Each structure stands twice: as structure tokens, then as C-alpha cells.
Protein chains: 2
Amino acid sequence: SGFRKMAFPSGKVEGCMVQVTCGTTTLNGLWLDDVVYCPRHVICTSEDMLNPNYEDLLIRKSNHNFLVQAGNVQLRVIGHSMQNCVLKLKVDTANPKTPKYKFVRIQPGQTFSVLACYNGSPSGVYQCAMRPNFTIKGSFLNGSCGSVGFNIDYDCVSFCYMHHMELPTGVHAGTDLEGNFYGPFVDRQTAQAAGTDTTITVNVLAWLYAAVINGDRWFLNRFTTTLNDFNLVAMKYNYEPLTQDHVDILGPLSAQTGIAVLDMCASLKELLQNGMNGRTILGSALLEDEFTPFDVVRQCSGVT
Amino acid sequence: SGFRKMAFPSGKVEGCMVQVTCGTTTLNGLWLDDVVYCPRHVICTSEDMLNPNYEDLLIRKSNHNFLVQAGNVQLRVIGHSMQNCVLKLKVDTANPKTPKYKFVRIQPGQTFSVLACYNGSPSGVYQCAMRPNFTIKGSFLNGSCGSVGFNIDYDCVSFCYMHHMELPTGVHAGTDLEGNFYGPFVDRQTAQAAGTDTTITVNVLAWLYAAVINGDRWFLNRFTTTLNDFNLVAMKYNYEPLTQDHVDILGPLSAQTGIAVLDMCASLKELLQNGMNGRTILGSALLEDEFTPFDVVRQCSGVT
Ligand SMILES: O=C1N[C@]2(CCOc3ccc(Cl)cc32)C(=O)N1c1cncc2ccccc12
Ligand SMILES: O=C1N[C@]2(CCOc3ccc(Cl)cc32)C(=O)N1c1cncc2ccccc12
């Protein structure tokens, strides 16, 4: 019992964190096999960030200008290439701690763990979600770039995010491990607005199921609704539209609690329309949307 | 920018997690040097838990009845002893992954990271605090016993908690690594009520400082207060009394923001008396008390 914003164990990802320095810029890199992945803005000065031409900036860089340090030892860079917004630095040594891994591009609403790093050293681990506007509400200071987001499936690490940027609004932007930004963000110090941060409806529902499983049942009501009626209310409250796919994905939680998905939707509808009235659900005074249905099943069943 | 409930990287603690089986009971153990630490209730059956006499139950156990498994390999138990509510199993092999470590007994209000484990395998990591009633609001299923709480200071892991019990109220109870329970809890399946769960005032204040640092300033007011006046209001709201030690501990956050501690106290006082009015602070609709002043300084400065 108890429900916590839980992150995946970070050991497997800690074994991959290295420091990459180019000129005066130092950020983090991810060392998997004989390649070190890092944000391409490592080649930029703070003046370059206003309007960088990464191809031209990269021409003035050779293998020896990229200083890669793993722990306290220097890695020899035998090649370098730019793939979208990331640099791939080929080193002569394969990482002996390379876990089984995949590079995945997640969809908005999906959650992942972030290992915040500085100078190739891990400082903390937290859980977050890819917002529907393709930003992440992270915790990153200067020097955190190159910190990664990942999920673990038993022994396979699926790397889904690499930190690149903080927007003027305090939200974060980054890429998948192929260098493609999530959302319309570009690695430039220019005016970039995030877009409407809507609530991940299916995750809120999953978290309502988690509360029922853990004993918080005050919000359960005598009502039901339809997908269309619920969506009318969801639109008004800037909630993502709920589809039949979402209902299907909530099926195992619905089965475990004996509460039909549309009944939980009517409970959520009354919570949006009437508020919490000073009450809490799983020790929270707002509706939490950063647990997917898979996270709730995982946490409530103890998958290791 | 951004403020997240961040846990310490868990790699160093993952390298210590083993599975301990005695009879039909399987729980987690912590392997440091040639000793495996685990809850003594590993020797109990579910019937034994009602009224166990651990000394008598232990007499019927020999070294070979404790099955210790690290990863996929079995450790040879060459000795066993009971120290308060923990068993120490001496094994013939020192853990090659033993980090630098200490065993510490924390005070209520102090925070730590938990690596929730099942069958000696880590499943997740989260941050929590030792509540003023000596319980922890964790996330633990059956089989999680022996999961540990720790803090990391650069390379030294200070182990402060070992999970033992879940109370009928869904809160958790456990010991330090010397086997002494936090609070008045005993390792028995008997009626045990936690006590008043008060709010950790100094942590709430620290988190208000974190919000100011990260831009959430709406709650800052034109008022001030005194320690005695603030404490009158704090008592009414079941908040821990604020002492001069707490004011001193908040000094570096006070210095960074230019907001005197007593001014932040008057802001908190108005928040307790008038509520949030549908507003949020650091994306939260309630006052968060599970970040110490040290955690805020650490997160906001990037200590690795
Ligand atoms: O290190 C960098 N360089 C920046 C500086 C601004 O101009 C740009 C523009 C584009 C890109 Cl890709 C990065 C950058 C950036 O946001 N970050 C930071 C990342 N995350 C958090 C930060 C917290 C404080 C300070 C800087 C942080
Ligand atoms: O594994 C055990 N044995 C228990 C069973 C109850 O009687 C006692 C009495 C004292 C002690 Cl020390 C432990 C135990 C206990 O609480 N836990 C559990 C720990 N944490 C979470 C649990 C979630 C579900 C189920 C059991 C959980």
C-alpha cells in the first residue's frame, strides 16, 4: 500500500554517464558501446546560441577538440558525426557497463525517469512525463544538458529523452536519442513558446484507479457517463480527449477494482466540476497526470 | 529551474541488494562487506507474526536455513546473529560492490531515498521523509521488507532505514541498520496506531524558498511575524513548532532570496489561514513538507 511518484532504479544509466567538454562548454554524454551521445550545442559558445549554424561550427572541430571523461579517465575520440541535434563521438573503448538498450521515441502522455547529471556525475533521479505540448517539467540547472530520460523493462534500458534546453517559461525541451526534438523546439536561444499544457486524462484516470486500490474512495460516486459526454467536460477543463484506446488501456485497472471506466470518468467529471473541497486523493490536492496505466499496474503489482 | 521530488541515484544501493529466504518467507537483504542485514521477521511464519518470541524462533534456525542469493548466485552463510529487530548473516564472501558506507539514525523531518525491492531485485526509487510520528509514507507491497532508505554524500552511502512493517492505516514502519525501530513500533501483527502526523514546518519553509528561487512568488506578502506568534498559528494547524535552530538552518535560503525567515513565516501563516484559493506553488495545491533546507540547497545548486 501507498502510492509514490517512483522512478526506475538508475544504476544501469549511471554506468553510462560521461562528461563531454568542447572548448569552454561542458555537458553530459551517454556512453553506450564505443559511441558517446551528447547535445550538439556542446560546440557552441553562449554568443553562438543566438543564431548557430551547427554545420559550420562543426567544421572548425576535430576529434581531439571533444574531451570525453568517464569517471576520472579520459576516452580517446576516434570519430565524430552530427545526427540531427546530437553529436555521436566514436571512442576507441566500448563501455564495459553498457546495459541492454534501445532508443525509443515516446508519445506525449508517456512517463520516464530522468537521471539529472552535472559534469558526467549523477546528482538525482526523478520521474516525469512528456507533456501533450512536448515539453517536460523537469529539474535542470546549467550543465545538466545531455542528462537522459529512460524506461527499464527488466534488464533493457529504453532511452527516450536527452536534455537540451530550458525555455523562458521554466519548462524543458529535448530530443530522443536520434537527435530529433520532441515538439517544435530548436536548439537556438530564441523566443519559443511551449503551447497549451493539457492534462493527460488517461493518466489521471489510472491514478484514480490507484487511489481506489490504496483505499482513497471518497470521490467514487453513484454516476456514470459516456465517452462523448465526458469529453465535452474534458475539453472545457483543458483535458486531453479520452478515446476507446484509452478505455481499453484502463481495462486491467477496471477489472482489478470492479469499477467500469465510464463510471470512473463520471467521478472525474464531478471532481473537475466541483473541485476537491479541501480534500486530498493519495496525499495530493490536485489530480495527478504523471502515472500511466502501465505505471499504476507496475507499482501496484511490484514488477522488478 | 524546476523543482522535483528527487531521489539520490540508486546504483550504489542496487549493488547491495540480495534475496534472503528462511523457510517459506522471502524478503530483501542488504549485503555490505561479509554481512547481510535483513528484518528478523524473515524467521516467522504468518501465524508466528501474531505473538513471536524471536529468540525461541531463532533457536530452531541454523546458518544453512538462511538462503542468501545475490543476483543468480547463492552466498554461503557462515554465521548468524540477532541485533535488535535485524538479523546479521555472516557470509564467506565480501560484497565486491560494497560502497563507502555508514549506518545513521535520522531524526523526524529528515528525508531519504528508498529503493523498493522484491526478491532482492530493485523495482523503484522514490524520496520520502521520516514523519514526526516516526512512520514513513512509502510504497511497499508484500515482499518489500528489507528494502532500505539511504542518503548519499558524494561517494558515502548513509543507510538510515530498513523496511519492516505496514500498519493497518497504510503507513510504514521500520528500523535503522542497528535494528531499532523508528518510533514505538514493534515487529508484531498487533494493533499499532501511528500518532499525530504533523507537518514538518522547517521543510515547508524551505520549499517556499525553493518556489521563490524558481519564480513562484504570488504567496509573498507585505507582512512579518515573530517565532512565538507564528508558533501559535502553527500549533492550531498541526505544524511542528519552529525553533531558532530551524531559523538558522534556513539562513542560506534566506540569504539567497533576500527574504528574512520571519517574513517567510508570515507568508506561510497567511497560507495556513487563507488557503491556496485554487492556486498552486511549484505545481502543488498543498504545502509540501518532504524537502529539507539541505535538499533545496542541494537541488538548486546541483551537488553530485
Ligand atoms: O545549458 C543550457 N544552454 C541553454 C542556454 C540558453 O540558450 C539555449 C538555447 C538552446 C539550447 Cl539547446 C540550450 C540553451 C539552456 O537552456 N541550457 C540549460 C538547460 N537546462 C536548464 C538550464 C538552467 C539554467 C541555465 C541553462 C539551462
Ligand atoms: O511483509 C510483511 N509482513 C507484515 C505482515 C503483517 O504483520 C506484520 C507485522 C510486523 C511486521 Cl515487522 C511485518 C508484518 C507486513 O506488514 N509486511 C508488509 C510490509 N510492507 C508492506 C506490505 C504490504 C502488503 C502486505 C504486507 C506488507
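Structure determination for this entry is recorded as X-ray crystallography, at 1.902 Å resolution.

Before going further, it helps to examine the pairing of strand β13 (residues 172–175) of chain A. Both faces of the sheet carry side chains from a regular strand, because those side chains alternate between them. Residues and elements named next belong to chain A. Side chains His-172 and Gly-174 of β13 all project onto a buried face; the interleaved residues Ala-173 and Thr-175 project onto the opposite face, where all are buried too. Pairing between strand β12 (residues 156–166) and β13: four bridges, direction antiparallel. Bridge assignment links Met-165 to a residue of β13, and that residue is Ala-173.

Turning our attention to the site of ligand 1. All names here are of chain A. Around ligand 1, the surrounding shell holds 14 residues, and the nearest of these are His-41, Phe-140, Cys-145, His-163 and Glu-166. In this structure, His-163 approaches ligand 1 through a side-chain N or O atom, which is 2.8 Å from a nitrogen atom. Residue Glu-166 places a main-chain N or O atom 2.9 Å away from an oxygen atom belonging to ligand 1. Summarising the interface, the protein chains cover 79% of the accessible area of ligand 1, which totals 540 Å² for the free molecule. For the shell around ligand 1, a count of residues per class yields five nonpolar, six polar and three charged.

Right, let's get into the site of ligand 2. All names here are of chain B. Near ligand 2 there are 14 residues, and of these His-41, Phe-140, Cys-145, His-163 and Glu-166 occur at the shortest range. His-163 is positioned with one of its side-chain polar atoms (N or O) 2.8 Å from a nitrogen atom of ligand 2. For ligand 2, the accessible surface in isolation is 540 Å², of which the surrounding protein chains cover 80%. Classifying every residue of the shell around ligand 2 by side-chain character gives five nonpolar, six polar and three charged.

Attention now moves to the relation of the copies chain A and chain B. With an RMSD of 0.0 Å, the operation that places chain A on chain B is a rotation of 180° combined with a shift of 0.0 Å along the axis. Both copies of the chain, as the preceding transformation shows, are related through a two-fold rotation axis. Residue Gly11(A), judged by its C-alpha, is the member of chain A lying nearest the rotation axis, at 1.8 Å. Here 100% of the contact residues of chain A are again contact residues in chain B; the copies associate through an equivalent surface.

So, how was this worked out
Residues numbered from 1 in each chain as written, not as in the entry; some residues may be left out. Chains lettered and ligands numbered in written order. Heavy atoms only, no water. Buried < 20%, exposed > 50% of the residue type's maximum accessible area, 1.4 Å probe, protein only. Helix = DSSP H or I, 4+ residues; strand = E, 2+ residues; numbered from the N terminus. Pairing = 2+ DSSP bridges. Near = heavy atom within 4 Å. Polar contact = N/O pair within 3.5 Å; in protein donor to acceptor, adjacent residues only side chain to side chain. Areas by Shrake-Rupley, 256 points an atom, 1.4 Å probe, with all protein chains shown as cover. Nonpolar A, V, L, I, M, F, W, Y, C, P; charged D, E, K, R; others polar. Least-squares fit on C-alpha atoms. Contact = heavy atoms within 4.5 Å.

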